[PDB]
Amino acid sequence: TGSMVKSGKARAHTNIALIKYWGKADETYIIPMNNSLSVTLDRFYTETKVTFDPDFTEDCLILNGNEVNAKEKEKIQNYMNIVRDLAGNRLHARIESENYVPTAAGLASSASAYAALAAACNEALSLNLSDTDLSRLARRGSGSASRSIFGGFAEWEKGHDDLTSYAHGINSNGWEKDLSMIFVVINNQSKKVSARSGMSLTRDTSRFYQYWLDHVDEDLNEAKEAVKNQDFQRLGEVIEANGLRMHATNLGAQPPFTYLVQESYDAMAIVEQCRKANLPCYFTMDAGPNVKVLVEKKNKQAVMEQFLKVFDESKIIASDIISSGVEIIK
């Protein structure tokens, strides 16, 4: 690289919330209405290189080898303004990013993408940010990204302002190394839906939103204690119920909506069948019909074969849970 050129490249992994983030207290800084708890996936990640050069006049984003539209371009530039303000400089960057996440299959990439960008900028500009400040910076891009700074179990503390809302990793005595998540890729419409817009309609008009608020802290504690004890059934039951409560809130929105399709319900049924046949596992769903199945690694295969009795081989994708957090790479 050139003499006056500052570059950094980072790899960050996606995460799935077991206790859901859903609805914001503050829409501009992305402060959430409640804490969330997630696990960071080994298989799925984003790699992002950022290159700061004084001769650059504006930010450029290249995604999987392709230019992005003026819209995405405008968005990334506003995000980099935050970075520039944080760093006290006026350098623009060329950003080259590669998603190793099944996005076509409906897996979200925003958590890994913003965590990767935050880390790469910190590396490029030698900002020396703490994990806490990295999380805070990622959060500004996407709420769930705040958690992808960390490996294993992580929790996003909601705080009350930009300084206090951020994530931290939970030590679980290496329990994360025993667990896995199976993704059931569900046939969906290819229409353009959005978590940010969905949770906003819900958080604002849901007749069942209060019900969600009145239970989430209890769920959070229950889950955290289940983790302290490596009690899989205890964790599973509460996260499965939390997730369903989240989708319940959408049904109460004005007017109602759902991310779930009949096939999501079919996969749910198979999970309950696996349990009754002494194969512990629990499901959760995000802003779409895909069903994610939490399972102890020893039972991963056995559970998968049950899904493989009905779903296409290509639609059953398993990932382990990675122990380590965001990393700087070449």
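Under this definition, the rigid core comprises the largest set of C-alpha atoms superposing within 1.5 Å between the forms. The first residue of the shown sequence is 1; numbering continues from there.
Across the superposed structures in 4 other deposited structures of this protein, aligned by the core, the stretch whose Cα atoms lie more distant on average is 63 to 71, chosen from 293 to 301 and 63 to 71. Farther from the shown form on average, by C-alpha root mean square after a core fit in 4 other deposited structures of this protein, is 197 to 205, of the stretches 197 to 205 and 239 to 247. Compared with other deposited structures of the same protein, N89 does not meet the criterion of being unmodelled in at least one third, since all of those that resolve residues on both sides include it. Among other compared entries that model residues flanking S190, a third or more give it no coordinates. Mean C-alpha B-factor is higher over 308 to 316 than over the other stretch, the pair under comparison being 308 to 316 and 7 to 15. The mean C-alpha temperature factor is higher for 295 to 303 when 295 to 303 and 37 to 45 are set side by side. Within the listed group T164, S112, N188, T103, the record reports its top CA B-factor for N188. If you compare the C-alpha temperature factors of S146, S97, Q254, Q77 in the entry, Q77 comes out highest. For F150, the recorded CA B-factor ranks within the middle third of the chain. Only modelled residues enter the ranking.
Looking at the C-alpha B-factors along this chain, the one for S130 belongs to the middle third.
In the PDB entry, a CA B factor belonging to the middle third of its chain's modelled residues is recorded for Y259. Per-chain ranking of the deposited C-alpha B factor places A70 in the highest third. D219: CA B factor in the middle third of modelled residues in this chain (values from the PDB entry).
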